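> Structure supplied as data-v4.csv; contents: CSV, C-alpha atoms.
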```csv
chain,number,residue,atom,x,y,z
A,1,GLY,CA,75.2,68.6,-61.3
A,2,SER,CA,71.9,70.2,-62.4
A,3,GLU,CA,72.4,73.0,-60.0
A,4,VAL,CA,75.0,74.7,-62.2
A,5,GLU,CA,73.7,73.5,-65.6
A,6,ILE,CA,70.4,75.2,-64.9
A,7,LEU,CA,72.1,78.4,-63.7
A,8,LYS,CA,73.9,78.4,-67.0
A,9,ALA,CA,70.6,77.9,-68.9
A,10,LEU,CA,69.2,80.9,-67.1
A,11,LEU,CA,72.3,83.0,-68.0
A,12,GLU,CA,71.8,81.9,-71.6
A,13,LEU,CA,68.2,83.1,-71.5
A,14,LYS,CA,69.3,86.4,-70.1
A,15,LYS,CA,71.9,86.9,-72.9
A,16,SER,CA,69.7,85.8,-75.7
A,17,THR,CA,67.1,88.2,-74.4
A,18,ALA,CA,69.5,91.1,-74.4
A,19,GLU,CA,70.6,90.1,-77.9
A,20,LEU,CA,67.0,90.1,-79.1
A,21,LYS,CA,66.4,93.5,-77.6
A,22,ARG,CA,69.5,94.9,-79.3
A,23,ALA,CA,68.8,93.2,-82.6
A,24,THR,CA,65.4,94.7,-82.6
A,25,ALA,CA,66.8,98.1,-81.8
A,26,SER,CA,69.0,97.9,-84.9
A,27,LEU,CA,66.1,96.6,-87.0
A,28,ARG,CA,64.3,99.8,-86.3
A,29,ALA,CA,67.3,102.1,-86.5
A,30,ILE,CA,67.9,100.6,-89.9
A,31,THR,CA,64.4,101.1,-91.2
A,32,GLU,CA,64.2,104.7,-90.0
A,33,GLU,CA,67.7,105.8,-91.1
A,34,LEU,CA,67.9,103.9,-94.4
A,35,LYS,CA,64.5,105.0,-95.7
A,36,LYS,CA,65.9,108.5,-95.6
A,37,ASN,CA,68.1,107.6,-98.6
A,38,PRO,CA,67.4,104.2,-100.3
A,39,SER,CA,70.5,104.7,-102.5
A,40,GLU,CA,72.7,103.4,-99.6
A,41,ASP,CA,71.9,99.9,-100.7
A,42,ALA,CA,74.8,98.0,-99.2
A,43,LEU,CA,74.2,99.4,-95.8
A,44,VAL,CA,70.5,98.6,-95.7
A,45,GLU,CA,70.9,95.1,-97.2
A,46,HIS,CA,73.8,94.2,-94.9
A,47,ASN,CA,72.0,95.3,-91.8
A,48,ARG,CA,68.8,93.5,-92.8
A,49,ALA,CA,70.8,90.3,-93.2
A,50,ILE,CA,72.3,90.9,-89.8
A,51,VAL,CA,68.9,91.3,-88.3
A,52,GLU,CA,67.6,88.1,-89.8
A,53,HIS,CA,70.6,86.2,-88.7
A,54,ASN,CA,70.2,87.4,-85.1
A,55,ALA,CA,66.5,86.6,-85.1
A,56,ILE,CA,67.3,83.0,-86.1
A,57,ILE,CA,70.0,82.7,-83.5
A,58,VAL,CA,67.6,83.9,-80.8
A,59,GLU,CA,65.0,81.4,-81.8
A,60,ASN,CA,67.6,78.6,-81.9
A,61,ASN,CA,68.8,79.5,-78.4
A,62,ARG,CA,65.2,79.3,-77.1
A,63,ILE,CA,64.7,75.9,-78.6
A,64,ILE,CA,68.1,74.6,-77.4
A,65,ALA,CA,67.3,75.8,-73.9
A,66,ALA,CA,63.9,74.1,-74.1
A,67,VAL,CA,65.5,70.8,-74.9
A,68,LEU,CA,68.2,71.0,-72.4
A,69,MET,CA,65.6,71.7,-69.7
A,70,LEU,CA,64.3,68.2,-70.4
A,71,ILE,CA,67.7,66.8,-69.9
A,72,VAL,CA,68.2,68.8,-66.7
A,73,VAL,CA,64.9,67.6,-65.3
A,74,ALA,CA,65.9,64.0,-66.0
A,75,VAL,CA,69.2,64.7,-64.3
A,76,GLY,CA,67.6,66.2,-61.2
A,77,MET,CA,66.0,62.9,-60.3
A,78,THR,CA,69.4,61.1,-59.8
A,79,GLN,CA,69.0,60.8,-56.0
A,80,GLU,CA,65.4,59.7,-56.2
A,81,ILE,CA,66.4,57.0,-58.7
A,82,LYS,CA,69.4,56.0,-56.6
A,83,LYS,CA,67.2,55.5,-53.5
A,84,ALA,CA,64.6,53.5,-55.6
A,85,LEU,CA,67.4,51.3,-56.8
A,86,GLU,CA,68.8,50.7,-53.3
A,87,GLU,CA,65.3,49.6,-52.3
A,88,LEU,CA,65.0,47.4,-55.4
A,89,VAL,CA,68.4,45.8,-54.7
A,90,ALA,CA,67.5,45.1,-51.1
A,91,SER,CA,64.2,43.6,-52.2
A,92,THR,CA,65.9,41.4,-54.8
A,93,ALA,CA,68.3,40.1,-52.2
A,94,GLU,CA,65.5,39.4,-49.8
A,95,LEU,CA,63.6,37.5,-52.5
A,96,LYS,CA,66.7,35.4,-53.1
A,97,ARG,CA,66.9,34.5,-49.4
A,98,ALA,CA,63.3,33.6,-49.4
A,99,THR,CA,63.7,31.4,-52.5
A,100,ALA,CA,66.8,29.6,-51.0
A,101,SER,CA,64.8,29.0,-47.8
A,102,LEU,CA,61.9,27.7,-49.7
A,103,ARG,CA,64.1,25.3,-51.7
A,104,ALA,CA,65.7,24.0,-48.5
A,105,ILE,CA,62.2,23.5,-47.0
A,106,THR,CA,61.0,21.7,-50.1
A,107,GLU,CA,63.9,19.3,-49.8
A,108,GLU,CA,63.4,18.8,-46.1
A,109,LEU,CA,59.6,18.3,-46.5
A,110,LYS,CA,60.0,15.7,-49.3
A,111,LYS,CA,62.8,13.8,-47.5
A,112,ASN,CA,61.0,13.9,-44.1
A,113,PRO,CA,57.3,15.0,-44.5
A,114,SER,CA,56.8,16.1,-40.9
A,115,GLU,CA,53.7,18.3,-40.3
A,116,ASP,CA,56.1,20.9,-39.0
A,117,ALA,CA,57.7,21.0,-42.5
A,118,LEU,CA,54.3,21.7,-44.0
A,119,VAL,CA,53.8,24.5,-41.6
A,120,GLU,CA,57.2,25.9,-42.5
A,121,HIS,CA,56.3,25.6,-46.2
A,122,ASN,CA,53.2,27.7,-45.8
B,1,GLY,CA,36.3,116.3,-105.7
B,2,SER,CA,37.6,112.8,-104.7
B,3,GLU,CA,40.7,113.3,-106.9
B,4,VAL,CA,42.3,115.5,-104.2
B,5,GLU,CA,40.7,114.0,-101.1
B,6,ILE,CA,42.1,110.6,-102.0
B,7,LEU,CA,45.5,112.1,-102.6
B,8,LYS,CA,45.4,113.5,-99.1
B,9,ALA,CA,44.3,110.2,-97.7
B,10,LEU,CA,47.4,108.6,-99.4
B,11,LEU,CA,49.6,111.4,-97.9
B,12,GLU,CA,48.1,110.6,-94.5
B,13,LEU,CA,49.0,106.9,-94.9
B,14,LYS,CA,52.6,107.9,-95.8
B,15,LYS,CA,52.9,110.1,-92.8
B,16,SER,CA,51.3,107.7,-90.3
B,17,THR,CA,53.6,105.0,-91.6
B,18,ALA,CA,56.7,107.2,-91.1
B,19,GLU,CA,55.4,108.0,-87.6
B,20,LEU,CA,55.0,104.3,-86.9
B,21,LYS,CA,58.5,103.5,-88.0
B,22,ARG,CA,60.0,106.3,-85.9
B,23,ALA,CA,57.8,105.4,-82.8
B,24,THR,CA,58.9,101.8,-83.1
B,25,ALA,CA,62.6,102.9,-83.3
B,26,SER,CA,62.2,104.9,-80.1
B,27,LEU,CA,60.4,102.0,-78.5
B,28,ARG,CA,63.5,99.9,-79.0
B,29,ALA,CA,66.0,102.6,-78.2
B,30,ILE,CA,64.2,103.1,-74.9
B,31,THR,CA,64.2,99.4,-74.0
B,32,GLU,CA,67.9,99.0,-74.8
B,33,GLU,CA,69.2,102.2,-73.2
B,34,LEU,CA,67.0,102.3,-70.1
B,35,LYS,CA,67.6,98.7,-69.1
B,36,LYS,CA,71.3,99.7,-68.6
B,37,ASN,CA,70.2,101.8,-65.5
B,38,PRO,CA,66.7,101.3,-64.3
B,39,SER,CA,67.2,104.1,-61.7
B,40,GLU,CA,66.4,106.6,-64.5
B,41,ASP,CA,62.7,106.0,-63.9
B,42,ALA,CA,61.2,109.2,-65.3
B,43,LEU,CA,62.9,108.8,-68.6
B,44,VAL,CA,61.8,105.2,-69.2
B,45,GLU,CA,58.3,105.8,-68.0
B,46,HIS,CA,57.8,108.9,-70.0
B,47,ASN,CA,59.2,107.4,-73.2
B,48,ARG,CA,57.0,104.3,-72.7
B,49,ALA,CA,54.0,106.5,-72.4
B,50,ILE,CA,55.1,108.3,-75.5
B,51,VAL,CA,55.3,105.0,-77.4
B,52,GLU,CA,51.8,103.9,-76.3
B,53,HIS,CA,50.3,107.2,-77.3
B,54,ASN,CA,51.9,107.0,-80.8
B,55,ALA,CA,50.8,103.4,-81.3
B,56,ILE,CA,47.2,104.4,-80.5
B,57,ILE,CA,47.4,107.4,-82.8
B,58,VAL,CA,48.7,105.2,-85.7
B,59,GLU,CA,45.8,102.7,-85.2
B,60,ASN,CA,43.3,105.5,-85.1
B,61,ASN,CA,44.7,107.0,-88.3
B,62,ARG,CA,44.3,103.6,-90.0
B,63,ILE,CA,40.7,103.3,-88.9
B,64,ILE,CA,39.8,106.9,-89.9
B,65,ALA,CA,41.4,106.4,-93.3
B,66,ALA,CA,39.4,103.2,-93.7
B,67,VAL,CA,36.1,105.1,-93.1
B,68,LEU,CA,37.0,108.0,-95.3
B,69,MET,CA,37.7,105.7,-98.1
B,70,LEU,CA,34.1,104.7,-98.0
B,71,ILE,CA,33.0,108.3,-98.2
B,72,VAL,CA,35.4,108.8,-101.1
B,73,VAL,CA,34.1,105.8,-103.0
B,74,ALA,CA,30.5,107.2,-102.5
B,75,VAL,CA,31.7,110.6,-103.8
B,76,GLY,CA,33.4,109.2,-106.9
B,77,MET,CA,30.1,108.0,-108.2
B,78,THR,CA,28.6,111.5,-108.5
B,79,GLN,CA,28.7,111.5,-112.3
B,80,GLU,CA,27.2,108.0,-112.6
B,81,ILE,CA,24.4,109.0,-110.3
B,82,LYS,CA,23.9,112.3,-112.1
B,83,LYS,CA,23.5,110.5,-115.5
B,84,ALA,CA,21.2,107.9,-114.0
B,85,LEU,CA,19.1,110.8,-112.7
B,86,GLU,CA,19.1,112.6,-116.1
B,87,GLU,CA,17.7,109.3,-117.6
B,88,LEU,CA,15.1,108.9,-114.8
B,89,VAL,CA,13.9,112.5,-115.3
B,90,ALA,CA,13.6,112.1,-119.0
B,91,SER,CA,11.7,108.8,-118.4
B,92,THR,CA,9.4,110.4,-115.9
B,93,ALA,CA,8.6,113.2,-118.4
B,94,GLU,CA,7.9,110.7,-121.1
B,95,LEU,CA,5.6,108.8,-118.8
B,96,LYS,CA,3.7,112.0,-118.0
B,97,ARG,CA,3.3,112.7,-121.7
B,98,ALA,CA,2.0,109.2,-122.3
B,99,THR,CA,-0.5,109.5,-119.4
B,100,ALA,CA,-1.8,112.9,-120.7
B,101,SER,CA,-2.1,111.4,-124.2
B,102,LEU,CA,-4.0,108.4,-122.9
B,103,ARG,CA,-6.4,110.6,-120.9
B,104,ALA,CA,-7.2,112.7,-124.0
B,105,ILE,CA,-7.8,109.5,-125.9
B,106,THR,CA,-10.1,108.1,-123.2
B,107,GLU,CA,-12.1,111.3,-123.4
B,108,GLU,CA,-12.3,111.1,-127.2
B,109,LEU,CA,-13.2,107.4,-127.2
B,110,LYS,CA,-16.0,107.8,-124.7
B,111,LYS,CA,-17.4,111.0,-126.3
B,112,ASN,CA,-17.1,109.6,-129.9
B,113,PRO,CA,-16.4,105.8,-129.8
B,114,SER,CA,-14.9,105.6,-133.3
B,115,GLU,CA,-13.0,102.4,-134.1
B,116,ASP,CA,-9.9,104.7,-134.7
B,117,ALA,CA,-10.2,105.8,-131.1
B,118,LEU,CA,-10.0,102.2,-129.9
B,119,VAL,CA,-6.9,101.7,-132.1
B,120,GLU,CA,-5.4,104.8,-130.6
B,121,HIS,CA,-6.2,103.5,-127.1
B,122,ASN,CA,-4.3,100.2,-127.6
```
With the file now loaded, output its structure as structure tokens.


Amino acid sequence: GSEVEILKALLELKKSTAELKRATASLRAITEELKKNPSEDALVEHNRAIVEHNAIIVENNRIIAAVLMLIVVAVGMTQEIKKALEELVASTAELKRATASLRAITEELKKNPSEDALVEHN
Amino acid sequence: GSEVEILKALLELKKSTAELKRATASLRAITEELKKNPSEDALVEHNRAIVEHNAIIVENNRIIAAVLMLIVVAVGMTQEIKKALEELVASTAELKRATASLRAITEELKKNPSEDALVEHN
């Protein structure tokens, strides 16, 4: 379950990091090459839009991974919860047996109020 | 005076800005190209040192310009100070003339205490 989902989240962080590094490299290549001749308006404006789009995508990937890590941590407790439930089920069944026993004792004690029945009640 | 010094400070800001933009571009080109093969240790370590040196130089240029602007502003007031001094000198000379006149009046009033001398005193 979470063993693979988390490995994929780590792969995502690796890829969004590489994207950030490359987007930053183009950000700078753009500033240095385009300031040489501002008349190349389409090239500088298109590349700046590209850089902003990548920066947003990187930030979104970070947030998405941050949320999915909370889902993953909830998932990783599956076996601990399963064992807690098995214990709760066994406890419920034992409580039921004790209740049925007490009911039978109550009926026996009222029908035949022997001292032994009072001892069994306690 | 300050007319040229300030133009040079502006030229400095232009050149340190161009340096910053280029140093940043190499910072990124270095990260993206060197992470491809970390075994090229000398190239990545030398270029990172280059980037740190340039970043420091840019910060120093900013501080130096900030101080020189204070010297320049002090320099630009040369004519206002010169005129204030011309006024102060004329005032001092007038005060001296008034003092010498008063001394002569005092001598005349004591030697010949005519009412006119008292009027001149006041």

> Give me the residues near region 96-108 of chain B as JSON, numbers by chain, where near means some atom within 8 Å (using only C-alpha atoms) and where sequence neighbours in that chain fewer than 4 positions away do not count.

{"B": [92, 112, 113, 117, 120, 121]}

> Please find the residues of chain B near chain A - the criterion being any atom within 12 Å, counting all atoms listed in the file - and write them as a list in words.

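Residues of chain B within 12 Å of chain A, counting all atoms listed in the file: residues 17, 18, 19, 20, 21, 22, 23, 24, 25, 26, 27, 28, 29, 30, 31, 32, 33, 34, 35 and 36 of chain B.
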
> Please provide the set of residues having any atom within 9 Å of region 9-13 of chain A, restricted to all atoms listed in the file, with same-chain residues fewer than 5 positions apart removed, written as a list in words.

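In the requested format, the answer is residues 4, 18, 61, 62, 65, 68 and 69 of chain A.
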
> Could you work out how far CA of residue 72 (chain A) lies from CA of residue 5 (chain A), giving the answer in Å with one decimal?

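So the two atoms, CA of residue 5 (chain A) and CA of residue 72 (chain A), lie 7.3 Å apart.
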
> Quick one, how far is CA of residue 76 (chain A) from CA of residue 2 (chain A)?

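If I compute the distance from CA of residue 76 (chain A) to CA of residue 2 (chain A), I get 6.0 Å.
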
> If I take CA of residue 7 (chain B) and CA of residue 63 (chain B), how far is one from the other in Å, to one decimal?

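So the answer is 17.0 Å.
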
> With distances taken over all atoms listed in the file, which residue among B:88, B:16, B:71, B:39 lies nearest residue 56 (chain B)?

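Closest residue, counting all atoms listed in the file: B:16.
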